[PDB]
Amino acid sequence: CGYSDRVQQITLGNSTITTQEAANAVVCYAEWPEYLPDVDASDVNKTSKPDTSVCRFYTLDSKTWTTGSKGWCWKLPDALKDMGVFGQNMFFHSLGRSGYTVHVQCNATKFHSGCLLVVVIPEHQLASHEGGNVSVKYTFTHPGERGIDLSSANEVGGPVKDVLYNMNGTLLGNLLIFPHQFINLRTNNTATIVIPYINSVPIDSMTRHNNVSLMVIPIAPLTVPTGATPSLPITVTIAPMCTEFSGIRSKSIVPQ
Amino acid sequence: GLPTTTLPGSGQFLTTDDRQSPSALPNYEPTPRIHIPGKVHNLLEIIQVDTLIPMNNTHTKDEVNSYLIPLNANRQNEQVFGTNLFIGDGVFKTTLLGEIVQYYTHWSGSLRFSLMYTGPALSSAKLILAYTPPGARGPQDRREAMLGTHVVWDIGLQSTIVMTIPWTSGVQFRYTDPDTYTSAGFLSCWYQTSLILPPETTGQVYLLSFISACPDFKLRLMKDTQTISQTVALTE
Amino acid sequence: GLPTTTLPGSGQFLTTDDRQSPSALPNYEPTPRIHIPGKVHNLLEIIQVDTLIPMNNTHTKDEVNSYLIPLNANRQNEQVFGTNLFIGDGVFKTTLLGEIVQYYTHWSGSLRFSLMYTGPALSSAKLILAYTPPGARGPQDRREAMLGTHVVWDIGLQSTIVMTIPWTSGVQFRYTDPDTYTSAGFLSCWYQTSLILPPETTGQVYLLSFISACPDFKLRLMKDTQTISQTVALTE
Amino acid sequence: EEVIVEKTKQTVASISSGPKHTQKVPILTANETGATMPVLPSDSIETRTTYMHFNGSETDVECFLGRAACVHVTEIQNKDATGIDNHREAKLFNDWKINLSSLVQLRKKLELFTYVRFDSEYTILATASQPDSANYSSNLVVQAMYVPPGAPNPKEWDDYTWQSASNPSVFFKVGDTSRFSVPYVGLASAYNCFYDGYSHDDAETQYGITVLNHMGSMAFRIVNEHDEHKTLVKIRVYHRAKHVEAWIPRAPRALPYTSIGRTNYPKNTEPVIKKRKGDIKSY
Amino acid sequence: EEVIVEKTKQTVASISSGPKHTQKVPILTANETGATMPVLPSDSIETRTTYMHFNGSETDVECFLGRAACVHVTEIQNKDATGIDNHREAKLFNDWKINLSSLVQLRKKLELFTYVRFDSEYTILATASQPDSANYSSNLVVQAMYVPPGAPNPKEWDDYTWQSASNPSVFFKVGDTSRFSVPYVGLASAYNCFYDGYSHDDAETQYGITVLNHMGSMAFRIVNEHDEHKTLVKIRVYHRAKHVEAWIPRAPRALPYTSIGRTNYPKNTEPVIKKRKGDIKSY
Amino acid sequence: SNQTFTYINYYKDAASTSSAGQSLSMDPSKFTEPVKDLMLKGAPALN
Amino acid sequence: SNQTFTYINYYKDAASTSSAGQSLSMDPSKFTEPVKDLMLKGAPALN
RNA sequence: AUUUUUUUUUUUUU
RNA sequence: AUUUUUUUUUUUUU
RNA sequence: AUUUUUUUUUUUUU
RNA sequence: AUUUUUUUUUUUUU
């Protein structure tokens, strides 16, 4: 033996991520992602498994962690909708199912302090910022790889952006019932969460429905040492896993 | 005709009655089950998961800062936090433990309290987390809390202490609603030595408090909770 | 549908009916039994315990002195006490025997009457405790009571006589409420010789009367007692 | 007696006994030992063989405490609630903290023992009346909601707590009964008829009253709306104990009760021992 | 604990534990791993052998979601329909789209999970009232017709759709209840308490509300004709879930609901965390 | 000497059932003779 | 330790029956320990 | 109250 | 084009 | 610090 | 996450 729980390697396709100050990997509800079995299947079409071209790590854009920063939310598969062959099969097909490996980067020094809550939420239905029976419009729940900055302003047709109330009326402290992992700068620099396909249908449309949402939330505020720049980068890298596509057609057009 | 006699309680509607009734949709075949992960069979399964305690309650509006217990450097013999252990009220009220606890009238068992240190890796501290069993007051210095159920926590590479609150009670069950006879005691933390920050780092570091239930936990006599209400019905 | 016919008495509420009924708290697990001493299974167990008879009823208010039968020295052929044996009334009414006897309509069996002498150890007496079976009057001299069920009691190192009132009745059960047809008889005590006090001791010595039930005792047809009442309901 | 059980006819009442001239005296005793000697009539007189045709079954404490007794009488009415501030004071709804010590007749049977543990059987009877002028008798339905401690209490008759997603409730008609079973709900292994203690070490806390004999509380209302008239519904709760276990037989109470959970008795109360109409030697 | 089950007394609560001076520390943990370590009291203090006399049966989700709760209160009346254009607005009949998210108390118990699948048990209670002057109480019969999506909707109380050759309907008396069972009628394998999606890719379609938690609709009327007076019938629908399966435990909601199927909460709402009456170190 | 046939419990709870019946245990000795040394009848109580 | 006798289903549908009963499955580990590498208690969590 | 200590072998964490 | 999927056992890194 | 409790059989006063 | 490919034999349409 002599190995570490800290030093991990995830290889998927032609992409490889190494980490040396990891904590563990979280496997959501103790379940690895799989392909759709015949006993659960309903759609008669033979599914497409493009595995090497689509089950690979895609790196999202980086987010600046400041002291006054609130948090960021990403929707899946919406974040990976312009990313290579996966996003192309996402629009050319009417159906599709996918699991994910999410790896969130944030490295610092031993003088730094701060803690992030990386959490995956199944069916994270957002609340409108106006209340009542107001709905959230399509483009505000489908931002792409840019995600939702929760420290931004209220905008018409969009969701509420209070990080405390989790954008759905539940408090932030009870968000640990969902599959979660911390990034503590004294301990951790990465978080790995492996998501299976969680739905009440065997296979679903990947453009009108987001199965899970990924929230990176600073619980403890960022404290840089004296004279350091008051900023750290956060990077999100998501890889599809066991991805099937069914019902190929002529690329449906989504709003914007 | 079989000669029968109808009892008192014929024609009553008891909401908790578990009988059979005719199916309004005969020969209906429902959608077959597929495998969905995360299946819940019991609410005693999901209260053994830690969730954060909003314990820094000293804010006029609810904040993320309410989950952060402040921790000051170069302090000696002082107190970090303190609360009573009414788990259906106070800091525990909005917690996933204490929101399922208020669905039931009686609780019994051991609690599992955690603390996670989120300061710099070059910093060090020693803290003493103490549970005061009921009968005595809330401890007002470190020597008072030292005489109870306590652990000394050395802060290092492992960032969490887990100090269970063991079941110290004469009666076998406590009311989930706060009751003086079935009170649970007090919980506090103190500086064992100090907090030492590394050079070129100033300010406050923070603690993160968690609570969950042990497998020792019991929960009976289902009731309605006080955490939600409405004055009018909702429309679509 | 099974064809049935409802009988007269459908929808009645009989207070003594022992049926089943739906549980309002399903899946409730009560507190497990621990061992507590002194467990009562039957009210025929706890009426075989002697309790004092307030038989010196000659007081305008209730006293400790009501339990003490006075006993005078150098008296000859006189009477110590006398009562009727309606055990649901009179001297027996506030007694633990005669407070459970008034929870039932009929009684049958033998009574167990005791007397304890509480004078000086250097004193001596001989008393005759007699039971008059029903049909005759209450005895007015010692020779009248001598013809019934009697014991001669020599007072010595053993301070108690136990003189059972045996079941002398034609009918098998007596009313616990006083009834002339099911009357039980009379009970009295007399000086057999005298009471002799030692020198340098003056005054009265006392007797202590006890009653209990034999294992021969029967008690049936439960009713409500006359020993308590209220005019308005009580509040907490 | 209950010593020997025969075959031809069981459990003899008295054995056949003859004359005694003996040095062993069963009737001489010391009650300074704190004991009752089991002296039979055959130790004093000459007896004959008689049998008990009796089992001692009605004096079982399951039978003794196991018949239905009225523990509470409360009253609600079905009138117009528009313009009423306090619905409890107007008796549009009324609640009751469950105890068995308000009717003194059941309370004395209970307080012959210190600790009792039993499952409860409740029967609730509702009868209506229209004392004012009315054209008809209303067809009313009563909700009795069992409210545990810590549950939200109702403020109004149409308040949100009556929906009872967790609290058990029963809906029955006026003139009818509702019967349901409630298990043993004590926190300890038995209820406390008596408690020589306090909730905590305090100089001003209450004596005797405790949550050890806490049995919940049930709240009553009429589900129907108001009519042109006012109709008063009287509600009587009947409790039957079952699976009864009891401990520590106590002295029976003869002085009247004054409160619930207290052993207090009124000042200047009457004597309970009957004074003799004569002297001590009088039959 | 629930590790070891004995023979003389089963499922020990705490094992007997003694002093520790060891290099393995069970109480030091990293919650940055996203895991809860199963730390017992015997890992911190010295314990004694105690047993659970408890099964965890009331916290089963079959029991937790399986009692009857009021999901809808609607109102109809039995008045003269001659001269009325809209029978729905006059409440001669009234229909209800079946959902379990209108009473918030059942809704919070449901929305502890993401997906639920169960058979439904409905109990419908109808109570009448005559607020205006009347000579008698009418003997009324209520029809509750279960109307699936795509079925013709009733326009009038005496309309042709009430005959219900295919739609299931129940006819019961006012003051009584009707109880019937409805199977799991979701299109998918479970209902959706939450839906992060839309019906289709459109910029103006509705968020969250979906036919995945569609349970049908039932329409109410009074079969009787009109009397001289007006009588208002209030209808309360009670739902009991059974054969319950549930998935993905969610964070409990503390802010109040505003709509059906939306997760929206009111603006300028009050704080739900209780502020301390003092500082943080105060008990 | 007939035997009753009403032994079918209709509900799932043990609190829902009917009365337990007579104990037939019948020990008065823990109240009538709660003494340390056993005391025979006929013998002197003391010495 | 009696057993209830109410096991006769009167209707033809499985939706018509009563409640299913307790699962006795009781697996908290998929929420409490959803980790890839098994984590013993007493051992250090990391490295 | 016929209980107390000396110490054996088995079980729970090695 | 007689190919597709269901799943077995062996080999390469355990 | 591989110790703690559950309880067995033997010895000292029966 | 001890999975991936090489290829065997069986089943569905020959």
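Residues numbered from 1 in each chain as written, not as in the entry; some residues may be left out. Chains lettered and ligands numbered in written order. Part of a larger assembly, values for the part shown. Heavy atoms only, no water.

Per the deposited record, determination of this structure is attributed to cryo-EM, with the resolution reported as 2.9 Å.

(A) Spotlight on the protein's contact with RNA strand J. Residue and element names in this part refer to chain E. Every residue lining RNA strand J is accounted for by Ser16, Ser17, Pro19, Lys20 and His21. For RNA strand J, the fraction of atoms within 4 Å of the protein that belong to sugar or phosphate moieties is 78%. A distance of 3.4 Å separates a sugar or linking oxygen of RNA strand J from a polar atom in the side chain of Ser16. Here the surface near RNA strand J is built from residues that sort into one nonpolar, three polar and one charged. (Near = heavy atom within 4 Å. Polar contact = N/O pair within 3.5 Å; in protein donor to acceptor, adjacent residues only side chain to side chain. Nonpolar A, V, L, I, M, F, W, Y, C, P; charged D, E, K, R; others polar.)

(B) Spatial organisation of empty space enclosed by the protein. By the definition in use, this model includes 14 cavities of 30 Å³ or more. Lining of the largest cavity is provided by 15 residues; of these, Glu31, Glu34, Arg97 and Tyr197 of chain A together with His35 of chain B occupy positions nearest its centre. In the lining of the largest cavity, the residues fall into nine nonpolar, two polar and four charged. (1 Å grid on protein atoms, 1.4 Å probe; cavity = no way out; pocket = protein on both sides within 12 Å on 5 of 7 lines; lining within 4 Å. Points joined across faces, edges and corners; volume = space filled by probe spheres on them.)

(C) Spatial organisation of unusual backbone geometry. Cis geometry marks the peptide bond from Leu76 of chain A to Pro77 of chain A, where omega comes out at 5°. Looking at the element boundaries, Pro77 of chain A is found in the loop between β6 (72-76) and α2 (84-92). A positive phi angle, near 60°, is found at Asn27 of chain C, a position not held by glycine. Along the chain, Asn27 of chain C falls in the loop between β1 (4-6) and β2 (39-40). A residue is classified by how much of its surface remains accessible, and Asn27 of chain C, at 30% relative accessible area, is partly exposed. The residue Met26 of chain G is not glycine, and still its phi comes out positive at about 60°. Tracing the backbone through its elements, the reader meets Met26 of chain G in the segment before α1 (29-32). (Helix = DSSP H or I, 4+ residues; strand = E, 2+ residues; numbered from the N terminus. Buried < 20%, exposed > 50% of the residue type's maximum accessible area, 1.4 Å probe, protein only.)

(D) Seen up close, the layout of surface pockets. Considered as a void within the structure, the second largest pocket measures approximately 1700 Å³ in volume. Taken together, 49 residues make up the lining of the second largest pocket; nearest its centre are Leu7 and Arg19 of chain B, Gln20 of chain C together with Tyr10 and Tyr11 of chain F. At the level of secondary structure, the elements contributing two or more residues to the lining of the second largest pocket comprise β1 (2-4) and β2 (13-14) of chain B together with β9 (177-182) of chain E. Residue contributions to the lining of the second largest pocket peak at three residues, all from β1 of chain B. Of the residues belonging to the lining of the second largest pocket, the class tally is 18 nonpolar, 23 polar and eight charged.

(E) Main features of the sheet that holds strand β7 (residues 141-147) of chain E. Residue and element names in this part refer to chain E. Strand order in the open sheet made by the four strands is β5-β11-β7-β8, with antiparallel pairing throughout. Edge positions in the sheet fall to β5 (93-97) and β8 (169-173), since each of these pairs with one other strand and no more. On average, each strand axis in the sheet is tilted by 20° relative to the strand beside it, whichever way the strands run. Summarising the sheet, β5 and strand β11 (residues 217-222) pair through five bridges and their orientation is antiparallel. Bridging across to β11, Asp95 finds its partner in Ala219. (Pairing = 2+ DSSP bridges. Axes fitted to C-alpha atoms, helices over the stretch in contact; angles between N-to-C directions.)

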